[PDB]
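Only one chain comes next, encoded as structure tokens, the form solved without the ligand.
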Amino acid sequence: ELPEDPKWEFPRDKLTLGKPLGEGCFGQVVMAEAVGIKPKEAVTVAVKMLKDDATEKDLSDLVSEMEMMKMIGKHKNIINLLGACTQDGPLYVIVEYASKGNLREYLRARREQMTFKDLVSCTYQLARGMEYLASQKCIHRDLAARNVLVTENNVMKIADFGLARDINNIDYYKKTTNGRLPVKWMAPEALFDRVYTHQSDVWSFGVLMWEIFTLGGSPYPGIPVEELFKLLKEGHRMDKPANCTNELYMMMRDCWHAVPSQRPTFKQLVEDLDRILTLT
């Protein structure tokens, strides 16, 4: 069924499935070993695949992710596509391995210990990944702590491109109903106006920052998603984490402006975060 891509194809025998890194959304990821990089030696990788109960959406999401990672390209702050097994057999999406796990559980672990300097560096990396993504005209639509993995030496990598989109020529104005995006990370226009732009992603980034400065904290604590629909219209926003500068909290608050155009771009978030890092 799946078409073929010569430049990304990888022989099934050079891969050795192993330990399951953890189940999830539309499938599961398992640690594997691959022979082929240009050294031609066995390197640890992560293989994303379907479960036995996969649905057509699961299939289309996994395929979509593989295709998105190809147009996005190479960058140090996003999980890179290494190869893929599509021909004669089960779809296998080969991406790079992240030994530390996802940012959420990672952060919640060290609360050795961790420092503020790290948090700002951590946020800066993510802002850099998102700026690249935006230059590539891609909207992630699902940026969150759980969707960011950390490798050895602690490199922050944005993952899970199953919901991402190509905005190069088409923006899907009044077409994206966004019913599959987690609500606590959604911008108001996404929730109510059937649109999604890079500006919608900055809102989510602000929520991601909050997650970082609360060390894996749960957004809108004590507030169920069900009542968040009215609160967001009333102008409700989250308050400052007791481990955040007043300048950092203003970035968050800026990412959360009702009007998209008034929110900062990823380029600005990079520049401003750059300064804040030097002075720490």
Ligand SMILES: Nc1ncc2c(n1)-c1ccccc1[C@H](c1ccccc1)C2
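Numbering starts at 1 and runs along the sequence shown.
Keep in mind that the form solved in complex with the ligand is not shown, yet the notes after this line are about it.
Peer 1: Run the clash test for me: the ligand superposed onto this form using the site C-alphas, pose taken in the deposited bound form, blocked if at least 3 ligand atoms lie within 2.4 angstroms of backbone or C-beta, else open.
Peer 2: Site status: open.
Peer 1: Going by heavy atom distances of 4.5 angstroms or less, which of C85, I79, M186, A134 would be at the interface with the ligand in the deposited bound form?
Peer 2: Among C85, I79, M186, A134, a heavy atom within 4.5 Å of the ligand in the deposited bound form occurs only for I79.
Peer 1: Which one, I212, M69, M252, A34, lies within 4.5 Å of the ligand in the deposited bound form by heavy atoms?
Peer 2: Comparing distances to the ligand in the deposited bound form, the residue within 4.5 Å is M69.
Peer 1: Does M238 make contact with the ligand in the deposited bound form, using a 4.5 Å heavy atom cut-off?
Peer 2: Answer no; every heavy atom of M238 is more than 4.5 Å from the ligand in the deposited bound form.
Peer 1: Contact with the ligand in the deposited bound form for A190, defined as at least one heavy atom pair within 4.5 Å: yes or no?
Peer 2: Although the ligand is absent here, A190 would stay clear of it in the deposited bound form, with no heavy atoms inside 4.5 Å.
Peer 1: Is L149 close enough to touch the ligand in the deposited bound form, meaning at least one heavy atom pair within 4.5 Å?
Peer 2: Judged by the heavy-atom cut-off of 4.5 Å, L149 is in contact with the ligand in the deposited bound form.
Peer 1: Given that the ligand is not shown alongside this chain, does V95 nevertheless sit within 4.5 Å of it in the deposited bound form, heavy atom to heavy atom?
Peer 2: Taking the distances in the deposited bound form, the answer for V95 is yes, it comes within 4.5 Å of the ligand.
Peer 1: Give a yes or no on whether each residue among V29, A46 and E65 has a heavy atom within 4.5 Å of the ligand in the deposited bound form.
Peer 2: So, yes: the whole triplet contacts the ligand.
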